[PDB]
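The chain contents come next:
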Amino acid sequence: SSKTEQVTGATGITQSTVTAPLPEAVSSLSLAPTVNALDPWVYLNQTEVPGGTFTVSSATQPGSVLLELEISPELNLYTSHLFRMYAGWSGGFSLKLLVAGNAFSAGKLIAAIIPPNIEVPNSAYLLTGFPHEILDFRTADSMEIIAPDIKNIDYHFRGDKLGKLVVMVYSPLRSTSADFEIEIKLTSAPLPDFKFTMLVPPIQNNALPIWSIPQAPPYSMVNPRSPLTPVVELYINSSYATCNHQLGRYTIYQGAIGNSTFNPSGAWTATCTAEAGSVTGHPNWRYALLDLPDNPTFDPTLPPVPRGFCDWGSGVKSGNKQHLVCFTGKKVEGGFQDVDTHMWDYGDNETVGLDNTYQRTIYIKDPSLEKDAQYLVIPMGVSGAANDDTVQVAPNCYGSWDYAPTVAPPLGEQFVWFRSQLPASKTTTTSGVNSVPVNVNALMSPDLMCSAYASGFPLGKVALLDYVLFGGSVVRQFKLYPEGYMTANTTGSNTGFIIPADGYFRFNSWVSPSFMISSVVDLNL
Amino acid sequence: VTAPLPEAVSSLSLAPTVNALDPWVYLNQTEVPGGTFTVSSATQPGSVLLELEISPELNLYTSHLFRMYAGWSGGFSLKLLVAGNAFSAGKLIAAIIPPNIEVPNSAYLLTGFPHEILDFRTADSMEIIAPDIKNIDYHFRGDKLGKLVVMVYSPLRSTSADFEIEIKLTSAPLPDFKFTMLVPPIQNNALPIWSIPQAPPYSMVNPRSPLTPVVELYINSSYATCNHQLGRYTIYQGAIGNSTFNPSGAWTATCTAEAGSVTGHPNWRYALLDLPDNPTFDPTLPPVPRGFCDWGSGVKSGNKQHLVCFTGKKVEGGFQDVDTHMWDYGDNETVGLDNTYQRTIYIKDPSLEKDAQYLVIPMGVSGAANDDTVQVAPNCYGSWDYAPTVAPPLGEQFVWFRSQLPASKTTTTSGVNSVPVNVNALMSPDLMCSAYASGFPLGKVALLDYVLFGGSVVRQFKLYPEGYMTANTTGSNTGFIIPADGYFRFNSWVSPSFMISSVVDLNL
Amino acid sequence: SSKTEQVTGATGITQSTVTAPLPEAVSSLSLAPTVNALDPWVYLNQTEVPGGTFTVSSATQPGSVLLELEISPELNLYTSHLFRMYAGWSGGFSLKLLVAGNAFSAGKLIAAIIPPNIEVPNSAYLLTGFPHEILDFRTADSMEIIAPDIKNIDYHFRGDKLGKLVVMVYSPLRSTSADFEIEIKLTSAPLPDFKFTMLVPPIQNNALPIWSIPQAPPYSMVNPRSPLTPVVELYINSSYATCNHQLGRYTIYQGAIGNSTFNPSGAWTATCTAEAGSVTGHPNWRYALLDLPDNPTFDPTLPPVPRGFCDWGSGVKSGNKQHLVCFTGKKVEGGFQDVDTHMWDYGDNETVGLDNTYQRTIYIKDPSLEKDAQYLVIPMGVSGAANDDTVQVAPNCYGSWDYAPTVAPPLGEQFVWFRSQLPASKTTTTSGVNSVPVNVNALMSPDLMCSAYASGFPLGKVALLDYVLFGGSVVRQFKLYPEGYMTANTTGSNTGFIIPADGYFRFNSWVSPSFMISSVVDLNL
Amino acid sequence: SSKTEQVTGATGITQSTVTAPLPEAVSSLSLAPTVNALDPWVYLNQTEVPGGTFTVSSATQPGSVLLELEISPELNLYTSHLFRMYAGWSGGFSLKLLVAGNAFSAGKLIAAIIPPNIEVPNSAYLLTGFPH
C-alpha cells in the first residue's frame, strides 16, 4: 500500500509506505505438536529492534552495510522474551524503517531481504537483485517491510539459518550543511501469522534482550593486572594502545581466554623450579623455572606459565636495565622461613635471545638462589623501568599455546582501561631492592563481565552501555565488545584521559560493531 | 487522535460525591504547566526531555481545581505545538509508562512501553490521549501516578542553518475527568502560577555578605560550579548546609583553643569555633555555626593570603575588646588535606588566652587574590548533610548576586589591611519566600523574566528548584554586570531541558 | 467435584478431589487499559510451584506450618516469566496438592486459603476457621484447590499484599515403619479467568523463577577473608561455628553487609596514623590508629575500620601471646622505601580493656614506629596463634556501626565454608618475624552471589543448589540462604569435613527456610 | 471555519481561518429607547485599527505584550466617527489578523480575548487560559 502526508507548512511530503516484497510463506503448523498464540497486543506494539539505529551521514560509502538483522524472535523485546519459554517459532515480522528525513537535498536508501545461506553483498548494485525497496530521503517517513520467515521447515528450532534484512545507501546523502545527517531507526512487530510451538522451561541463562548490570562502581571492580591495588580511574590513552595479550582477557564465548582467571586475588602467586647454571654477563642472575600446577610442564598446547601469573611487561631489549619486582622465598616445611623483595626479569637476558616472552624462564638478582629448593613468586612492581609504557609490553604466544589475539580498536575509537597505582618499595638497607611507582591499566575486570557471561549477548552485537557519575548527571557512552574490550568514541588530541571510577554502567541498546557512538569524549587536557 | 493505549473510563461508583467540572474546562487548548521543551542539535539521542505525571497538573485549570478536591479520576488529551521548520528533521517518542513502573533511560526500552513516534515534519498538531492507568476507582493524593515521557528518538539534524525547535503541550481533560471530595484549598499540588512580589534584587540580602547590599547581578563563564554552603536554598527543604533565612543574625561565632600554633608561625593561634548547637561534634550535624563565611582557597602556610575578621574576648557579657585580626581557616596543610569547614580557625595575634572565648565577625580578605579566590568555598568532610556541589546544565551559565566589600587600611602597624573583594551568592532567601506557598511542580524549572528598567529590556532566566538561576549565554568575557534595579516576573514552568530563546551575549 | 480410583491390586482407593473453598471473585477488568490473554496452553501445563515439596514425617508437629504460598504469578514458571513483561495480573490459580500417600496407617492434612493482611496461625485448630480442605493420607492422591485472587482492586500491581495458601498437618502421620514418610508436592496452573494488564519492557534484572549459576568451580571463586590464597576445599565443621561477623558477608537485599567488599583483591590494604604513647608491659608495642578513607574518622554510624580490612581474629585475652602478621612500611614520597613483616595485634592489650574489637587501635612489635609517618598494613597470617579457632575469633559491633548480625545455622545443619591455606613466613634473621600455617574459611565469596544479586531471589525462599564433582557423578545438595550463608544437612560425628572445590553449583529448586534437605552429608572420617 | 490556499510556486500554504472563541452574547436591545442601524457597507469595509501594526522580530520576548485593543467603536474609522453622534453601542467586531508570514522557519503567535476588569498577563503561558 501507500500513504502520503503533507508536511507541516506544506514544504514537502512524507511517504509512509506498507511494502511486502513478498515471499509471504505462511505455514500450516501441521507438524507442530501444539500451536501457541500470543497476547494480541504483542502484534500491535512495535519495539525498536536490537541493531538500530544507523546514522547515514555524508561520509557513508554506498556498498557499506549498515543493518544486518536476522528475521527472528529477537527483533522484538516481547517476542525475544517469550521465546525463552518456547521451543519453536513460525512467522514473519512487520519491520518499520523510520527515517528522520526531510527535503534535505537528496539521497536514497535501499532495503532488501536476503534468504538464508546467502552471503550479504557489499554493493548497492547487487542488493537490487534481492527483493528490495528504495527510499528517498526527501519524502521518507516510514516503510512497513512485511518481512517473511523464509524457511523450508514447517516451524523453526533454535540454531537454524535465518533470513536477513539489509539496509544500504542507494545514493549518497547530499545536503547544504555538512552537519546534516539522517538518524534511521527500525522497529519490528510480529505479523499476525506468528505463533510458537511448545512450552519448555525457561533457560535460567537465557539470552535476554535486555541486559541488567548491577550498580557496581568500577572502584569495586578489581583487577586482573594488579589484583592488590583498587581501580581508581579509567584511562583513554590514544597512543595506539592495541592491547597485546595480557591478564584479564575475558570474552563471553569461552569466559577467560589467555592465562586470565576469575580469581586473581593478590597478584596470583606462583613458585619456581629454581634451576641454576653458569651465567655470562651477570653472575648474580639465576635462571629459575616456573612450575605449572594444573598444567604439567610438558604440554606445548597448554600455556608455559601458571594461570594468573602474567605481565608486568619486562624482557625488553634493555631487560638487563629495567626489571620486575616480586617477593621471593625458599619453600620450607610448612611455608617459608623468610621472604624478601628480589628483582625478577621474566625475559630475555641470555638464554632465549628473545624479546619479552611467556616462559618459563626467569632471572633473580639474588645470588643466594640454590637448586635444591622451590622459590615463591609474588609480583609487586617494576624497578628503574619506564612507567605506563614498559608495563604494557608485548609478550605473546611464541608457540602453539592458545592465547588471546592482539586486539586493536576500530578506527576512530580508543580503548577505555581500568587503571590502578602501584606504590614503590624503598629500602635504605645494606641488602634490599628499590621499586619505582607505576600505573597499571587493564581491560574489563571479571566482575563486570560476570553479568554478561550469564545475561547473554545477541550474536554480532556490541553492547552500548552508559556511564553516569556524581551529580550533576554526566553520561559517557561506551561500547563493550563481546571479545571483551570496552571502548569509547574519541576525538581531538592524544592526551591520556582519566575518567573517574565512581559511577555505574547501564545498558542502553545493542548496537552493531560498526556503530559510531554519538557521544564523543574530547581530549582537551 | 493518537492513543498509545485505551483509556479505561471508570464509573465512579465508589465515589462519596462524584464531582463534576465546568463544561467549558473541556477545550483542548489550555497550556500544560511545565510542558514546554526545546530540541537542539546538541540534544543527544535518548535524553529524557519531558516527564509529566498524568494528573490534574497537566492542565492550567484542573490544576487549580485540584487544591479543592481530595481525589480525581480521568485522562487528558495533550495537543502538541511544534514550532518547527522546513529544514528540520528528527523524531520524538512519547510513551505513557504505567504507574508504578520505573522510567527507562534508553530509547530501546522506552519503545517497549506504549508510545508514538512523532516527526517534526508531521507532528505540529498531533492529539495524544494520555490515559490515567489505575486499579482503583479514583485517585487520592500521593498515589503513584502514571507518566508520559517524551524523548528524542532521532536527533535533530538541519538541512540548513541549525535552528532550535520549541515544543509545548496544550491539554484539556477528557470528557470523563471527575473530581471528588471537596477539601479546603490549602493542599499540595503547587499552583500553576507563582506570583513573585516585585522586589528588586538590590532589596534582597546577600547571604554571603549580609552587611553590603546586592549591588549587581553578573554572569561569569568561568564559575562552572558552586560549592557554597552559606547562601544555598531549595524549595524542597530538607536541610541545606549552613544556610539560614536570616543571614545577618548568623554572622557571629565564639572561638577558643588551647596552647597551639602553626608550625610555620608561632603567631597563628588555634581557635575551636563554638557551635550554637551543643557537642559532641557529631559527624551528622554541621561542624560550624549555621552561618559563617565560605571564603578562601586552598593555600599553604607561609607568605600567603587569608581572611580578616573582628575578634574580641568575652568579659562576663560586659565590655569586650574589638579589632580587625588576620584569620585563616585551618591548617589542612599539615594533615595533607584541603581547606575545609571542619578545620579549626586561626587568628594572627599572640594575645589569645588558652581558655578564653573570642568573638569573630568576618569582614573581608587581605593580601589575597581577587574575587576568584573567595568564590571557591572550603570543601566538606563528607559526613554531615551539606549542600552538594552543583553546576549549570551544559551550555548554560549561573547568575549570581554580587556585593562590594569595602576595604580597610590601618595607619598603625597594629591592625590589618584588607584588599577590597567583590563577593557572590547563588541566591538570596528573599526570592524563595513566596515560592514555598506556591511550590514547583514535579521537578520543573521556573522561567523568570528579569524586567530591566522600563520593560524595554527583559531578560529570561530559569530558577531551578535546587536553588540557582541560570541564563544561556554565548560568550567569553567572564565579567558581565546586569543591573540589580529590576524586578522578576513569572513567565512559565519550563522543563529543565528547556533552553532560553533570549540569549545574552557575554561579549557586549 | 470428586473422583475415586481403585488402587492397583484393589488394596485401597485414591481420591482426586476438585475443591473450591470459593471466594471466586472474578474481575471485569473494566479499569485495565488493555486486557492481555495468555497462550491457552499455559492454563493446561501445571508446573511445580517454588516452595514445594514438603515431607511430613512422624517427627512433624501439628501447628508447624509447612507451606506458605502467596497466590501470585510466581506460582508457575510460565506465569512468573510472563509477568516480567506485564504491569498487572488478575485471576486465581488452580493449585494441585499431589500427596504420595497410601493406606499407610493414618494421618490427615489441612490446607487453607488465608486472605491478605491476615497473619498465618500456627495451629491446625485455628486453620479450620479459614476456608479449608482436609485430606486423609489413606486415600489422598490429588486436590485441585481453586485458589482465588482475593483482592479489593480490579487488577493487581507489583507490591500488593496477596492471599496465602497454608498447608499443615491436621492429624499426625502414623505408620508401621519409622521410615515411612509422605512427599507432598504442589503444582499450580492459572485459572481461565487469569489475564494480564499492560505490556511493559522487561526488567533486565527480573526476579526470574529459574536461577542460572555459571559453571564456575569454587577454586576460581576467591576469597573474602584471605584474598591472596585460592579456595581449595569446602569445610563443614560441626563445632557450632555460628559465624560471627566477618569479611565476606554478602546478602541479596543490600549486597555487601558489614565491612565486606566486592573487590577484596589481596588482603585489602590499609594505612595507619601511627600515633605513639607511653606503654606499660610491652614498651616495644605502639598504638597505631587505622585511617578511614571514604569513611572519615568521626562518624559513629560508619565502621571504625577501612572497608575490606577485617579479621584474622586476634585480640583474645591472650592477644599478648598470639598475634596477627601484616606487612608494614613507612609512607614516603612516591610509596615506601622498605617494607617488612611486623606483628599486628588489632586487639585489647591495654588501651581498651576489651576483647577482640573493630577499632581503630593496633599494636606493632616494631620499636622503630614514629608518630611523624603513616604506616601501611597488609595482613599475612598469625604468629604462634592457634589454628582454625583463633582465626575465627568474634570481634563484633561494639557500637552503632551497622554490622552483620551473628548468623547461626538452623538446627540439624552446619555451615559450608570456603577454605584456604595461609603459608608461614620463616626467617633466620637477626631482625624478623615468624608466622605459623593457618587455614581460613569464609562464607559465600562475592563471585557466587554476583548471579544471585542480579538473577533474583523470590521472597522467603532459600535456594537449593546442587554440587556435582568429578566423575562418577556425585551430587551434594546445599541450601544458599538470602542472608548469604550456604549450608548442608549434616548427620553423624563432628569431624571437620572437607569437600573438594572442583565442581560447579546448579540451581535445583526454591525451598522454604525450614526445608530439610534429603541428601545428608555423613561425618564419617 | 477554515480555508487554505497554495502559495504561488507551491512552496507553502497560507491559512485564512475564521475563528470565534465565542462569547457571542447578542443583546436584544430591549431597553434601548431606539435602535439605529448603520450603512450596510460599514460592516463590509475592514479598516486598520488604531494600534496596529506590530513587528515581531527575533528580538521580541514572549510575555511582552504587543497589542492591547479594547473592543469598542474605536476599532474602525467609520464606527469611531459615527459614535460621535450616538449615545451607546452594542455589538462585536470581526477583527482580522493579517500576518506578513512565510515559511520563514518558525514562530507562533497567540491572540486572546480578555474580559473587562481582568488584568492583562505578561506571559504567553497565561494567555492560553483565556479564549485564544
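Residues numbered from 1 in each chain as written, not as in the entry; some residues may be left out. Chains lettered and ligands numbered in written order. Part of a larger assembly, values for the part shown. Heavy atoms only, no water.

This entry lists cryo-EM as its structure determination method and reports a resolution of 3.2 Å.

> Please explain the overall build of chain B as it appears in this structure.
When its secondary structure is counted, chain B shows 5 helices and 26 strands. Viewed in the frame of its principal axes, chain B has a C-alpha envelope of about 80 × 55 × 45 Å. Relative to its 508 residues, chain B shows a buried fraction of 59%. Look at the contacts in chain B between residues 6 or more apart in sequence, and 79% of them connect residues 24 or more apart. Accessible area for chain B stands at about 19400 Å²; split by element, carbon and sulfur atoms hold 58% of it. Across chain B, the centroid of the 28 positively charged side chains sits 2 Å from that of the 43 negatively charged ones. (Helix = DSSP H or I, 4+ residues; strand = E, 2+ residues; numbered from the N terminus. Buried < 20%, exposed > 50% of the residue type's maximum accessible area, 1.4 Å probe, protein only. Contact = heavy atoms within 4.5 Å. Areas by Shrake-Rupley, 256 points an atom, 1.4 Å probe, with all protein chains shown as cover. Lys, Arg positive; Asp, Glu negative; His and termini not counted. Charge placed at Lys NZ, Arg CZ, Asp CG, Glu CD.)

> What should I look at first to understand the overall build of chain D in this one?
Across its full length, chain D carries 2 helices and 2 strands. Along chain D, helices and strands appear, N-terminal first, in the series β-β-α-α. Considering chain D as a whole, with its 132 residues, one finds that 14% of them fall into the buried category. Once local pairs closer than 6 in sequence are excluded, the contacts in chain D between residues at least 24 apart make up 35%. Counting every atom, chain D has about 10300 Å² of accessible surface; 58% of that belongs to carbon and sulfur. Measuring between centres, the 4 positive side-chain charges of chain D sit 10 Å from its 8 negative side-chain charges.

> I keep staring at the relation of the copies chain C and chain A and nothing clicks. Help me out?
Each of the two chain copies can be generated from the other by rotation about an axis followed by a shift along it. With an RMSD of 0.0 Å, the fit of chain C onto chain A corresponds to turning through 180° and sliding 0.0 Å along the axis. What we have between these two chains is a two-fold relation. Most of the interface of chain C is mirrored in chain A, where 100% of its interface residues again form contacts. (Least-squares fit on C-alpha atoms.)

> Would you explain the interface of chain C and chain A in this entry?
The parts lose accessible area when they come together, and the size of an interface is often stated as this lost area. Contacts between chain C and chain A engage 66 residues on the former and 66 residues on the latter. Summing both partners gives a buried area of about 5000 Å² for chain C against chain A, and 59% of it is carried by carbon and sulfur. Three residues stand out in chain C for area buried against chain A, namely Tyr78(C), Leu199(C) and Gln204(C), and they jointly supply 13% of the buried area on that side. For the pair chain C and chain A, the number of links is 43 residue pairs in polar contact. Taken together, the elements giving at least two residues each to the side of chain C that touches chain A come down to α1 (77-82), β19 (323-332), β20 (335-336), β26 (424-425) and α3 (446-455) of chain C. Here the residues of the side of chain C that touches chain A are counted per class, giving 38 nonpolar, 22 polar and 6 charged. Two strands pair when backbone bridges link them, and strand β26 (residues 424-425) of chain A and β20(C) are joined in this way by 2 bridges, in the parallel orientation. Pairing of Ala424(A) across the sheet is with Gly335(C), part of β20(C). (Buried area = accessible area lost by both parts, 1.4 Å probe. Polar contact = N/O pair within 3.5 Å; in protein donor to acceptor, adjacent residues only side chain to side chain. Nonpolar A, V, L, I, M, F, W, Y, C, P; charged D, E, K, R; others polar. Pairing = 2+ DSSP bridges.)

> Honestly, the side chain of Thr187(C) in this entry has me stumped. Any pointers?
All names here are of chain C. As for its position among the elements, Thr 187 is in strand β12 (residues 183-188). Side chain to side chain, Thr 187 and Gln 46 meet in a polar contact 3.2 Å long. For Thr 187, the contacting residues outside a window of four places in its chain are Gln 46, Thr 47, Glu 48, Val 49, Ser 94, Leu 95, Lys 96 and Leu 98.

> I would appreciate a short explanation of the pattern of salt bridges in the present structure.
It is possible for side chains bearing opposite charge to pair when their charged atoms get close. All names here are of chain B. Summed over all chains, the structure comprises 25 salt bridges over all chains. Between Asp 119 and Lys 91 there is a salt bridge, with the nearest N and O atoms lying 3.3 Å from each other. Here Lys 91 lies in strand β6 (residues 88-97) and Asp 119 lies in strand β7 (residues 115-119), a separation of 28 residues in the sequence. Owing to a relative accessible area of 1%, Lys 91 belongs among the buried residues under this scheme. Between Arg 402 and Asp 371 there is a salt bridge whose closest N-O contact spans 3.8 Å. (Salt bridge = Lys/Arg side-chain N within 4 Å of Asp/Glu carboxyl O.)

> Help me understand the pairing of strand β11 (residues 164-171) of chain C in this model?
Note on strand geometry: in a regular strand, side chains alternate between the two faces of the sheet. Residue and element names in this part refer to chain C. Where strand β5 (residues 67-70) and β11 come together, 4 bridges link them in antiparallel fashion. Within β11, the residue paired with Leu 69 across the bridge is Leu 165. Pairing of strand β8 (residues 108-114) with β11 involves 7 bridges; the strand directions are antiparallel. Note on β11: the bridge partner recorded for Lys 108 is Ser 171.

> In this structure, what is going on with the interface of chain D and chain A? I would like to understand it.
On the chain A side, the residues contacting the 5 residues of chain D number 4 residues. Buried surface at the junction of chain D and chain A, summed over both partners, amounts to about 250 Å²; 60% is from carbon and sulfur atoms. By the criterion of area lost to chain A, the three top residues of chain D are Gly12(D), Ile13(D) and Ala103(D), representing 74% of everything that side buries. Where chain D meets chain A, there are 0 salt bridges. Scanning the region where chain D abuts chain A turns up 0 residue pairs in polar contact.

> Would you mind going over a negative patch on the surface with me for this structure?
A contiguous patch of negative charge on the surface is contributed by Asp179(A), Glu181(A), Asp162(B) and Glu164(B). Mapped onto the secondary structure, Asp179(A) falls in the loop between β11 (164-171) and β12 (183-188). For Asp179(A), a relative accessible area of 62% corresponds to the exposed category. (Patch = residues over 30% accessible without salt bridge, like charges linked within 9 Å, V, L, I, M, F, W, Y side chains within 5 Å.)

> In this structure, what is going on with helix α3 (residues 446-455) of chain A? I would like to understand it.
Think of an α-helix as 3.6 residues a turn; residues three or four steps apart then line up on the same face. Extensive coverage of α3(A) is indicated by the burial of 8 of its 10 residues. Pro446(A), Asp447(A), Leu448(A), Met449(A), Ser451(A), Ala452(A), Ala454(A) and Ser455(A) are the residues of α3(A) that are buried. Looking at the buried residues of α3(A), the elements they touch are β15 (250-251), β25 (417-422), β29 (478-480), β30 (486-492) and β32 (505-511) of chain A together with α3 of chain C. Downstream of α3(A) by a residue or two, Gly456(A) has a phi angle that is positive, lying close to 120°.

> Honestly, the packing of aromatic side chains in this entry has me stumped. Any pointers?
According to the stated counting rule, one finds 76 aromatic pairs over all chains in the structure shown. Taken together, a centroid distance of 5.9 Å and an interplanar angle of 80° make the contact between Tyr358(A) and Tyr403(A) edge-to-face. Pair noted here: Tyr358(A) is in the loop between β21 (340-344) and β22 (362-364) and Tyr403(A) is in the loop between β23 (374-383) and β24 (413-415), with a separation of 45 residues, a long-range link. For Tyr358(A), a relative accessible area of 1% translates into the label buried. The buried category is assigned to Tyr403(A), whose relative accessible area is 11%. Here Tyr329(B) and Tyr341(B) contribute two aromatic rings whose centre-to-centre distance is 6.3 Å and whose plane-to-plane angle is 80°, an arrangement assigned as edge-to-face. Pair noted here: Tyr329(B) is in the loop between β17 (323-327) and β18 (345-348) and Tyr341(B) is in the loop between β17 and β18, with a separation of 12 residues, a long-range link. The exposure class assigned to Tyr341(B) is buried, which follows from its relative accessible area of 3%. Through pairs of rings, three or more aromatic residues link up here, namely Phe66(B), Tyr69(B), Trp72(B), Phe76(B), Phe177(B) and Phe179(B). (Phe/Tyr/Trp six-rings, centres within 6.5 Å; stacked < 30°, edge-to-face > 60°.)

> Looking at this model, I keep getting lost on the sheet that holds β25(A). Mind explaining?
Think of a sheet as strands paired side by side through backbone hydrogen bonds, with each pair either parallel or antiparallel. All names here are of chain A. An order of β27-β25-β14-β31 is seen for the 4 strands of this open sheet, with the pairing classed as antiparallel. With one partner strand each, in any of the chains shown, β27 (438-442) and β31 (497-498) form the two edges of the open sheet. When strand β14 (residues 234-236) meets β25, the two strands line up antiparallel, connected through 2 bridges. In the sheet register, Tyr 235 faces β25, and the bridge partner there is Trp 417.

> Sorry, what's going on with the side chain of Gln204(A) here?
Tracing the backbone shows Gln204(A) in the loop between β13 (195-196) and β14. Residues contacting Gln204(A), with those up to four places away along its chain left out, are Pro209(C), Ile210(C), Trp211(C), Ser212(C) and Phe507(C).

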